[PDB]
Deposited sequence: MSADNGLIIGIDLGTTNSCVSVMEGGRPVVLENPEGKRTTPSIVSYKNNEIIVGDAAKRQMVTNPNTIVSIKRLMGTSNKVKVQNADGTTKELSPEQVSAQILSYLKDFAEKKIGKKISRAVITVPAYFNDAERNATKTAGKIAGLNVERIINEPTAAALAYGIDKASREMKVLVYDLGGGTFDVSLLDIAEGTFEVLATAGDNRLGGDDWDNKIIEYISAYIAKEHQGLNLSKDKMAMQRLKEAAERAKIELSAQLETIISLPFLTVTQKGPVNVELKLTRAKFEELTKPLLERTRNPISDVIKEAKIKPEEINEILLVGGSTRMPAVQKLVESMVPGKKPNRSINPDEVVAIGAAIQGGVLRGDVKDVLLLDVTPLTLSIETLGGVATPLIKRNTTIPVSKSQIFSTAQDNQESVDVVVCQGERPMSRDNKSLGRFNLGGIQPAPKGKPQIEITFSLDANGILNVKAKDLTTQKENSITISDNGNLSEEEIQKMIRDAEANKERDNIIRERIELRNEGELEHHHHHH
């Protein structure tokens, strides 16, 4: 039936994607963000999800952070109601509020009701943890069409199932809260996790916490041991400044932590303006980073392969944007370049969306080529396909040829554009047509009409026709692996018939364009 959205339900952040026009699109939340914090808060008996919850996660004690850690268990989380009574919530219920929020903004963005999803989980998730996640989906009104592993979703996003060979893929995933490295075997559409190793208390939060310690040490040095660890608002600001500083250090060699009026003492306002260099940050966080190294070696050994047998390495998770992380992974597989070309905080959701598209059976996923797959032609006298841009021409490109009229005293020319390898235009795919009129009366072969086929870097086709005497011109702009193969097959299947046709066709004299009333 309807669309199947792909959901990465992360410990720290969540992300929702869907197939639109044969490409996966990541949907922005109402604050314009492509990921949403996996945080739920409660105030005045109102449920607050995402960015607005994160902004009060220290200051509002009703805030539920890292609920994914309790998924698959019978633990309950307590929150206070407005009246001071206590409410108990299951991990399923809290996760369902995150899913409902994603679902709601997805619906408003797409403009349709959504009732189906593919939801991702860590490779290590057992049945209790997977079933908890499925139940969360059900509570949010989503038929959970499949639960897939996060590294499997990443591999799907990178098209690794299209390799037509056995692929051994290392997926290094460093998120906000968790670290995983999984070794996948991918052959004939089957994904097997050969090994998974990691730490669910090691992620970007821990790097932030080292910056918090650095700021705190500076504060104490500059203000006689001043300690804000029990000041909730100050700690809210420190956590946010620390994450911001870290993110800047992925693109800068230094950053300034700016916290005016962090508190006020008897002596006055405490204003922090503190430099942190990338080098210092890396030194402080070295023990955290180094905890991710041995597990790489461990999964390779578990899978009973050598490092040189790894075909591809994928970087997943927002923390893999850190230069020290990328360099560490590179160091562990000499001669292989880790892939991070798909935004690593979106790649899992993208893979989930791709899986959704597959399960729906839409089969629409288009290609993005830098060379023309099929020949582009104009219809000439007798229904002949006269080529303008030959197949396998690198785009962008413009090609021109001059044509004449097919009949004496012809007033206009039809410009019929077709795609395919067959010699008769009717046997190829019609891409569109237009007419160019105002041609002055003359014998057939006398008028001269310049035809130009132009393909831009985006692969969009502009066909222009200019009468070289009158200077009048008209044009049009023209708006799938299986369809390309179907057309090549049609030519292959009629090769002998078409050769006989071609033997009657001489393209070397000036071509002529007909006009037929419609």
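Colleague: So, counting the deposited sequence from position 1, which segments are absent from the coordinates?
Modeller: 1 to 4, 484 to 488, 528 to 529 are the stretches of the deposited chain that have no C-alpha coordinates in the structure.
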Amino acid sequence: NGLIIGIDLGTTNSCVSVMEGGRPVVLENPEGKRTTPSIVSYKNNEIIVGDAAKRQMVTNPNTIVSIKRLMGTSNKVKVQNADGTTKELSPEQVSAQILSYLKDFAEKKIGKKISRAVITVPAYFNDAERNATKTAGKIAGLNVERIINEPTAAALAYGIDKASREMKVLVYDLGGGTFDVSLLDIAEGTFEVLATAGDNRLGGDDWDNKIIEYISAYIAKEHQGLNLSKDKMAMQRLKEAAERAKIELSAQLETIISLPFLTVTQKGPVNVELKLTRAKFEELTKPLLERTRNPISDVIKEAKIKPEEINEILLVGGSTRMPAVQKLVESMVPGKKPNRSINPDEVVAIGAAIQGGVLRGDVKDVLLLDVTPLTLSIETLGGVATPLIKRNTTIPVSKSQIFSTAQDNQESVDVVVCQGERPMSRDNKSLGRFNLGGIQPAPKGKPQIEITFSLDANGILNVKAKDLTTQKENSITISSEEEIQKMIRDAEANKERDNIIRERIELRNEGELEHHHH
From here on, numbers count along this sequence of modelled residues.
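Colleague: If you average the CA temperature factors over each stretch, which comes out higher, 465 to 473 or 55 to 63?
Modeller: Going by the record's values, the stretch with the higher mean is 465 to 473.
Colleague: Could you settle it for me: does 357 to 365 or 385 to 393 have the higher average Cα B factor in the PDB entry?
Modeller: Per the deposited B-factors, the answer is 357 to 365.
Colleague: Identify, among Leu226, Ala303, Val118, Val316, the residue whose C-alpha carries the highest B-factor in the deposited PDB entry.
Modeller: That would be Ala303.
Colleague: Compare the CA B factors listed in the entry for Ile449, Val49, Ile484, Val26 and report the winner.
Modeller: The listed residue with the largest C-alpha B-factor is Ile484.
Colleague: Should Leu3 be placed in the lowest, middle or highest third of its chain by the C-alpha B factor in the entry?
Modeller: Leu3: CA B-factor falls in the highest third of its chain.
Colleague: When the deposited Cα B-factors of this chain's modelled residues are ordered and cut into thirds, is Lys138 in the lowest, the middle or the highest one?
Modeller: Ranked within chain, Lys138 CA B lands in the middle tercile.
Colleague: Where does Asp408 sit by CA temperature factor within its chain: lowest, middle or highest third?
Modeller: It falls in the middle third of the chain.
Colleague: Just say lowest, middle or highest third for the CA B-factor of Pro122 relative to the other modelled residues in its chain.
Modeller: According to the entry, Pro122 has a C-alpha B-factor in the chain's lowest third.
Colleague: For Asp231, return the chain-relative third of its C-alpha B-factor as stated in the PDB record: lowest, middle or highest.
Modeller: Middle third by C-alpha B-factor.
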